[PDB]
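Below, in C-alpha cells: the form deposited in one PDB entry, a single chain.
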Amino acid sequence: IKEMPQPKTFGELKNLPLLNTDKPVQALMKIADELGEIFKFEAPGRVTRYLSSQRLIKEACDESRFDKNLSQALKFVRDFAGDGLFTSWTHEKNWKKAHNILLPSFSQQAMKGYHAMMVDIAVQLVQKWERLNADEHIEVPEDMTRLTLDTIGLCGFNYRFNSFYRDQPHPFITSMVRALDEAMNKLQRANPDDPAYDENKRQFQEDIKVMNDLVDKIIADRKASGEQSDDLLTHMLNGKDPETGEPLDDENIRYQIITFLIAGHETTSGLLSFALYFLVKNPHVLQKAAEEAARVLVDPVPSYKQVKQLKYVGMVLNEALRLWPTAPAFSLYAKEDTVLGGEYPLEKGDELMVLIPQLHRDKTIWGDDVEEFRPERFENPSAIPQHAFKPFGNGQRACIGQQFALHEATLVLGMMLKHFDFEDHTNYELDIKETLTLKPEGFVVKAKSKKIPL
C-alpha cells in the first residue's frame, strides 16, 4: 500500500488552477513526466487519479473492475450530445440500444458501401490542391477538417457540407469548436455560476441552437428524400435493437447525429494533420509511404481492396495515433472497492483518467526511443502487449468509428502521397491546439503536383 504523488496545490483551490491553460492535456503530460505512472488530482469537491503506465492501465481496462466514467469534459459535452453513444453511461438503456442498432453501420459490408462517397470527398481535396497556383500553400488542419466533416456528412447522412466551396468555416464548425473550447475552458472554473460566465453561457446556448438547426435539416432532407440510402441515418431511423426489440426515439436520434458529426470528424482531422506533420518531418518515412502509394494505387481512384493493401500508410497512421492520440484521455470509475497495481486502494465510485499520450510513451513497452516517429513499430501489431496502445479507448465503450476513420485516413493519405510531393517550406514548429481534442495549429505545407491524372 503506497501513497500517490500529487502535483503542486493552490491552497483551497487544490490542483484546479493547473487547468488554467489553453493546453491542459500537454500540462498534464508534463506533470506525468515529473511524477510518473500515477498522480492524484484534487479539485474542490472531487478527486481523480491520472494513469500513464501500461502496468496500471491494463488493470483500469479490466471491464469486471472498471466502467466508463463521464469526465468533467464529457459531462459538459453532454449538455449538447445528451445520451448519444459518446456521453451516455453504460447502464443507460439508450447506450446498449444505440450500440446494437448502429454497430451494423460499421460492418465490412457497410464500409464497402461508404467507400465511393469517401472517394468523392478525397477527389475534391486532390482537385483543390492540383488547382493551386505557383508557390501557394496548403492550410493543413483547415483542409483536413473540410475533408473529414464532408466525409462523415456524406457517408453518414447523405448530406453535403460542401466545405471545399467555402474559404470560411461552416457555421456548424464555428459553433462546434466554440462549444468544445467552452467545455475545456469550464474545466478550470471553481465557481462556474459566477455571473462573470453569463456571456459564456449565452454563447454556449446559441452554439447548441446552431448545431440543432443543422440536425433539423439533415432529418427533414432524409424524411423528404425519394432516394433509397442504406447509411448510418437509415439505421438510426429504422434499426431495431435485437435485445429490447425497440428502435431509437426521436430525441436520442438527434443526440446521435450531433455525436457522430462531432466525433466522426474532429478526431480524424487531427490524425491526418499529425500524420502529414510527421511525414514532412521524417523524409525517409515519407519516401517509403509514397513508394507504397505509387505501387498499390494503380487506378485513377483507389478501390476498397487497394486501401486495405496500403499497409505502410496504415502503420504511419498508427504511429501518429501513438504520439498524438487526438481524443487524448478517457475516464473510468471503480465498480467495487479494489486495489490498483497491488499498491493503490480504491473505493467503489473512485475515478481514474487514462492519459493516452503518456501511456504511448511508456519506455517499458516501446523502448527508449519513444519520441521518434517509427511506423515499423506497427509491422506486427500482435507484438504490442494488451492495453499498451489505446487511441480508441477500451472494451465495449471503444470507438465505434475506428475502422471508418482508418479507412478514410488511409484512402486520403494514400491519394495525397500518390499525387503530390510535399515541402515543409516554413520549417513549422509544432503547436498543438486543444479543444478537448488535439490538432496542430498553423501547420502549412507546399504541394508540388506529380501531374498524375484522376
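Residue positions are given as counts along the sequence shown, with the first one as 1. Heads up, when I say rigid core I mean the largest set of C-alphas that superpose within 1.5 Å between the two forms.
The discussion below concerns the form deposited in another entry, not included here.
Compared between the shown form and the other one on the core, the listed residues 130, 142, 216, 246 keep their C-alpha shifts below 2 Å, save 216.
Remark: with the core as the superposition reference, the CA shift of residue 173 between the shown form and the other one reaches 2 Å or more. Taking the rigid core as fixed, one finds a CA shift for residue 364 smaller than 2 Å between the shown form and the other one.
The Cα position of residue 303 differs by less than 2 Å between the shown form and the other one after fitting on the rigid core. Closer approach of the C-alpha atoms of residue 247 and residue 227, by 3 angstroms or more, is seen in that other deposited form than in the present form.
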